[PDB]
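Take a look at this single chain in structure tokens; it is the form deposited in one PDB entry.
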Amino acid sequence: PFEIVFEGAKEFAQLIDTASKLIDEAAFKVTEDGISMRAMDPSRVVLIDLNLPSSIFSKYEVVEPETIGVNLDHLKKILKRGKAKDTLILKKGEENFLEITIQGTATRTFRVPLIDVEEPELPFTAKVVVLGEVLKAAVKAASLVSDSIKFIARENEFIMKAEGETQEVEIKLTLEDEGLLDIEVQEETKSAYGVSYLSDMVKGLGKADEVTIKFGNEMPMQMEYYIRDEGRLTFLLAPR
């Protein structure tokens, strides 16, 4: 059992939405340290990891740790009602359901039935930090000419390109012109990924959100987004 409170119901709903474009169900592990969730999309191309430390909650009381499985569509239908300044209360007793209360100009309580559903070294050579807007725009442009997008990172430079038989799309950003917030590379690094997957990954991101990307030659890419600084949503995407 536990009682967890988050200030900013709307922001919490947005996080859940952004973390679940690719999945239908997830097992949330609730412990004394925080809430965690790990899942693979249906195609087995992306790994999703969410970590929400007790530090981002206004009240965090866990009597006994638990792992609650839920249908995300059902959960999102409820969280969708939350307003910007609403308080979100998550409670679990002995009964097999999650009690969700949204408290704002009015207090509304809902119940979400619980379900079961069952649950390599990565030597990255490049790290780049960019605004969600960059990725959102890059993916849309790439999709005009290909189903895959190529990432290239060199000292102080980040390039995203896509091409077909005769068409091409290329976006070159630099630290100097501030298209990147930061960039660190050990050696020139190149890899390509499926546009469909990247689209679902950054769709829920805000234009001004900070995104950290790490990858390597012909390797998977790790994308991270932080919530309230301490929380983190991480995606690991297989290369194409």
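Residue numbers run from 1 along the displayed sequence. Residues that one form lacks are left out of the comparison. Definition used throughout: the rigid core is the maximal C-alpha set that superposes within 1.5 Å between two forms.
Omitted from view is the form deposited in another entry, to which the following refers.
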- Item | Option from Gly69, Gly179, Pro65, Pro53 moving between the shown form and the other one, CA shift at or above 2 Å, rigid core reference | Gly179
- Item | Did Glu165 shift 2 Å or more between the shown form and the other one, C-alpha, core superposed | yes
- Task: Please identify, after superposing on the rigid core, every run of 3 or more consecutive residues whose C-alpha atoms all shift by 2 Å or more between the shown form and the other one, listing them in sequence order.
- Result: 164-168, 176-179
